[PDB]
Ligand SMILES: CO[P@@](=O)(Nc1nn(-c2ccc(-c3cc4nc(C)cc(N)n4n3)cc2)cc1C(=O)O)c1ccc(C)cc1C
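One chain comes next, on its own, written out as structure tokens in the form deposited without the named molecule.
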């Protein structure tokens, strides 16, 4: 069964695609090697198509089936509520794709008579048609990367697939509660999305220390979505069906599974037939939960085949980390081969093969690795961090162009404690914000496929809740970490880490100068940039935050918008 089949209709853009970074002043202040920062366009989509299109063989064994039965037994404890139309409408992001039926996302959120009526009619249809494949749009995704180690050697665009806005509101009705609460229920400590960065590094470390003589490894899969088989999607459904569901909810899931999730026609932006899909659609609500479930099922089966001892997993969609138990160096390298050849039977061959690590800090996952620093107390605090090449690169983009999602905002949130988000991302953007009278404005950002609307003035307490107060006091960062950031600041052409210190003093003074919530940003965020430190006490607004539904579930192209209605 082919992941995709094509007709020859192109993957068309719906608008004008920008490919290169503008030489903006605000841009160049951050990053001067602007010819290194590109964005993806539909021009590279056929390259991608060649990567994602293959025939997939799949052979399930007793291990797989044991594990599946164990997951279903736990999913049987779940009682999932059916959402009301209004409820699912509220969950729709305001700048989500308009419906081909002359109503939009802002219409849905407003309960526009028209939108609501043909959401209803779509729901009705899901109950009375169990067979007809639902149409989908296929699109080249525009993302900014920095170029790489070879020649100018760029990633092709990712392909997104999504049904109509109406179906997407329906998916939410039938399945939001299921995909929000079943992953934790089935996978427990291993479901990665339940974790704020603090909690995530805490789990990783505690898992590590709990071991004998720990061995760990990431496992990258080649184009995961393309490997998800029709079987995979049906089995996924068999798990959902173990929930207590409402009768309509149950037929809705059964219909969506047959009509949408397992495959269907792909249409371009010109309304032409592009071809057929028989694997995971990136942009349906089940994509994150289903990927996580499927990954954790396959991984856990492959462990037992590989005979790895006392494994623990952290699964985030298709990103898999495994901390387990060394049996000797050559033995370990041999079981890691087995895990792979077993994953390959399950139709999940590896990107570049898994490599046993023996330092926790060496293992990468979710584009991330644990690192160590010290708080003001000299006490060693663990934190999570990554190569800043991509974040800074996109930071360079959102500076020079208006973008719907400001990744930097999310990046300062998730990577509050990191050297590079503190010295560059915080400094850069706050000097901009201050020089533009735009601190009180709220900007949209994503955390785990979920959109929030946040005012940057509330960044210190959001950072304290998630990361701790030490994330304003960290120093003595590790050598290699420091050496990676600096090495990256060269590549991108970013002023080095001593440059950013002065700029910070300047804005920090400009921030204190304003009192109110502004000043507490300057005092807390940029306290690193002085030696006569102010001293830092718990912020009153910290505990009074509603950070519910923040680190509960992942919604990768699930179209979720948790912020205020």
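Numbering follows the first chain given and starts at 1.
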Tell me which stretch, 346-354 or 253-261, has the higher mean Cα B-factor listed in the entry. 346-354
Mean C-alpha temperature factor, higher of 485-493 and 236-244: 485-493
Name the residue from 112, 148, 130, 267 with the greatest C-alpha temperature factor listed in the entry. 148
Kindly indicate the residue among 214, 156, 192, 449 with the greatest C-alpha B-factor in the PDB record. 214
Sorting the chain's modelled residues by C-alpha B-factor, tell me whether residue 58 ends up in the lowest, middle or highest third. lowest
Among the modelled residues of its chain, does the C-alpha B-factor of residue 40 lie in the lowest, middle or highest third? middle
Among the modelled residues of its chain, does the C-alpha B-factor of residue 553 lie in the lowest, middle or highest third? middle
Lowest, middle or highest third of the chain for the C-alpha temperature factor of residue 533? highest
Against its chain's modelled residues, does residue 135's Cα B factor rank lowest, middle or highest third? lowest
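This protein has a second form, the form deposited with the named molecule bound, left out of what is shown; the following refers to that one.
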Quick check on this chain: with the named molecule placed from its pose in the deposited complex by superposing the site C-alphas, is the site open or blocked (blocked meaning at least 3 ligand atoms within 2.4 Å of backbone or C-beta)? blocked
Contact residue in the deposited complex, from 422, 172, 277, 298 (heavy atom within 4.5 Å of the named molecule): 422
As a check of understanding, the residue in 494, 186, 256, 348 with any heavy atom within 4.5 Å of the named molecule in the deposited complex should be identified as 494
Which single stretch, out of 300-308, 86-94, 233-241, 473-481, brings residue heavy atoms within 4.5 Å of the named molecule in the deposited complex? 473-481
So, residue 524 and the named molecule: in the deposited complex, are they within 4.5 Å at any heavy atom pair? no
Can you tell me whether residue 486 touches the named molecule? I mean in the deposited complex, with a 4.5 angstroms heavy atom cut-off. yes
Considering only heavy atoms, tell me if residue 79 and the named molecule come within 4.5 Å of each other in the deposited complex. no
With heavy atoms only and a cut-off of 4.5 Å, decide whether residue 402 touches the named molecule in the deposited complex. no
All three of 98, 101 and 123 touching the named molecule in the deposited complex at 4.5 Å, heavy atom to heavy atom? no
